[PDB]
Every structure is written in C-alpha cells, then in structure tokens.
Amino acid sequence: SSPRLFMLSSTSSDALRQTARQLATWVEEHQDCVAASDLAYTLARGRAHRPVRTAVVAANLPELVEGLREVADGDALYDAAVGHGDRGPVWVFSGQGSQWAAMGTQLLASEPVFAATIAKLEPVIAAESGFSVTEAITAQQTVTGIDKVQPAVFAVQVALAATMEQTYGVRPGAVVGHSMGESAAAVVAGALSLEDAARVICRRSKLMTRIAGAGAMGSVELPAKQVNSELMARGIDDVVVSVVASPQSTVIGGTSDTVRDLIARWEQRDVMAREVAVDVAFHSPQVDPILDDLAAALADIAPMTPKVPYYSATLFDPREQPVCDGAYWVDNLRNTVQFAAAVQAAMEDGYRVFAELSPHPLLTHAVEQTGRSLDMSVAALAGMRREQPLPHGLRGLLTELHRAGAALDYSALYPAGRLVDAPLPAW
C-alpha cells in the first residue's frame, strides 16, 4: 500500500522512454495479476541495471502507469551512470558552516536509524559539551557557538552515514574528510569509535573557544602555489594557506588586518576573493596556543586501523592510512587541509561517485573542479540541502546514488518477492 521505487534503465534517453512505454502498457494490462511489491523487486533485483537510469515512485500500479507514461512522453535528458556498480560511494564529510535551523527534525521523524544514532550521541555530547544535541538540531534557531556547532554538525554527519548503510544498504567505498569533517570520516572508516570521535569534536571545539577572535580567513579562486608566491613576494609571514580545496581554490588564514588587505587587493584584480565567517584562523599559527592542551585532552582516544579507504587531508600522502591518535587531531587542526589532494587521490584510484553527507553541501563544487581537472566524469551529490523537505528520508539520495552507478546492496531496499514476467528490452 506504501509508495515504492520502480527502477528503470536503458542505453539512451530515447530507449529509456521506449522501455517506460512498453512497461506502462504491460503494467496496465496485468495490473490485476501483479503485486506492486513483486514488480518493484523484479525491476531492482531481476534486471541488470543499464547505464541510463531513472526510477518512478508510485503507491499503486495505476499510479506507476501514469508516472511511466509521463517519462515516455517527456523530453528529459537522462544522464548516464559514472560508476560501474563495482565501487561504493566516497562519502565526503565537510567542515563547519553547513548548519541550519531544525536541520535534524525531518530525519529524526522519517529515519529510525538517524534517530537511533543521534540518541547514542545525546548523553556523550551532554557530558562533554553540556548541551542537548537533539534540542540543538531541532530548535527553531540555527546552532551558534563553535562548541555547539561542531558536535551538532558531526552528529548529523554520522547519523546520515549510519542511515545510508543500515537502512539503505550503502556501504562506502572510501571516506574523505575536510577539517572537522575528519572526525565523522574516522567513525565511518572504523578508525575511531562513535564515542571517541564525539570526544574528539567536543574537546576540539571547547578548546577553540579560548582563542575566539584570534585572526580571520578568506577564500580566493587562485591555485595555492600562486597564493603562496604572492605572500612570499609581499613579505607576508602572518598569513598562510590554510585550506587547499581544489586545483583552482585556496583559503588563507592569519592576522585579521593582513587577510582583509589581501582580499581587498585580489578583488581589485577581478579575482573571486571573499572573507570567510570565522572567530579564529584555523590551520594557521593562530591555533598554536591550544595544541598542547588538545594533545592532553585526547591522550586517551583509542585509534584503530581503518576498515575502509581513508583519504587523509591531514597526512602528506592522502593514500596513507591514519593513526587517529591525539597527535593526528592536533595535526588536523594545525596543518593545511589538503582536501584537493585527497579527492584527487580517490579519483586517481578509480572512485567516481562522491556524496557529501552534511546538513548542506559545502564541497560539491570543489569535487567537481578536481574531476574536471583530471578530465574525468564524476558525480558530486549532496546528502542534504538547507530547507529541503525530506518526507521520504534519504530514499532520494539512494535513488541518486543508484542513478550515478554507485555499488549498493539491492537486497536492503527490496528484501523479498517473486520474479515477474515483466518485459525484457532488446540489447
């Protein structure tokens, strides 16, 4: 009786419409014989998924005939899958800034695994940071202080990954984190326990409140080698490259005045410069005072060997597998975020489907820019968007992962049924 996802695929946009039309005619003639569950199961598990994919949502067979005929009559361009169903998606865990008011409300209601994960984190974040992460992610005002933002964003990140794996059968092929995103990446990769990773973000953000107001940051659409050249040429020692997000994008960090002066000059040369909303200048010497204290706070963190490929933005070789001890988290906060190099390594290793598990996409464009620079066809998906209605939870993200060609377990969403004599399109 509930709405089901009917997968349809072909070799071209026109052949996919021909497939939709034959299926609609068949479904219309056999609707009294075929159970909708059996047909959805057959289309997902009894058919080899071809490159040009789509899916129609419908609660009953007559509804599916309308949806299928709509596809068949349309003039839509269906992009082909970039992955070959052999590698799982690369989950991208972005930094701060993705947060929005009541970002967790619909997923707490529509996804039981999201709710269960947030429930686990609730007493840990309460003991560590002194606040309710559930109250924070469902409040009518967006979460605000660094000590509250980081645990709340981390909690959404890990709850999204748990839902995708447990509820939708999507095991990640690899993980990539960007600054605070690396704590969620460490949990998902099996490098840290959920609790130790929560302790890492809670303690990290509490210590950062001590240095709030110490420097400023700025984004510039210039490659990092060029930015560094300008700093050295201008005799600037108080501002450094803090983030390397794409081959054409760089974030600088340092003293408030020199950062403002540099952005003023870049803008005047018609370059895409802009100040970034910060209290502290992370991944710069501004964080130096709090590094001894952080090392001490994280001395008890128990790191583990990652179970999934982890593309480190902290290590000098992103392919190297992290030892997520306190020293790693101190380096994570102080070293440049080499995000572009980590994404480039994953793409060189064969990954083409990237999905950003965050409250709102911050690094979708960065992933696309790295793919474009390698002359590769990649998919950079967003797990959630600000104020996006999610009445069917993350089922939308599952559809887009399927459409893109990410490897996933179809027995999670279609656990049982009878194979039906539905049409098999010619080669």
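Numbering starts at 1 and runs along the sequence shown.
Chemist: Going by the mean C-alpha B-factor recorded in the entry, which is higher: 176-184 or 298-306?
Modeler: In the deposited entry, the stretch with the higher C-alpha B-factor mean is 298-306.
Chemist: Please compare 262-270 with 123-131 and name the stretch with the higher mean C-alpha B-factor in the deposited structure.
Modeler: Mean C-alpha B-factor is greater for 262-270.
Chemist: Once the chain's modelled residues are ordered by C-alpha B factor and cut into thirds, is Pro391 in the lowest, middle or highest one?
Modeler: For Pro391, the deposited C-alpha B-factor lands in the middle third.
Chemist: Could you look up the Cα B-factor of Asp38 in the entry and say which third of the chain it sits in: lowest, middle or highest?
Modeler: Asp38: CA B-factor falls in the middle third of its chain.
Chemist: For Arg352, does the deposited CA B-factor place it in the lowest, middle or highest third of the chain?
Modeler: Within its chain, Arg352 is a lowest-third residue by C-alpha B-factor, going by the deposited values.
Chemist: Split the chain's modelled residues into thirds by Cα B-factor; is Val143 in the lowest, middle or highest one?
Modeler: Middle third of the chain for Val143's C-alpha B-factor.
Chemist: Test of reading the entry: by CA B factor among the chain's modelled residues, which third contains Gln31?
Modeler: Its C-alpha B-factor belongs to the highest third of this chain's values.
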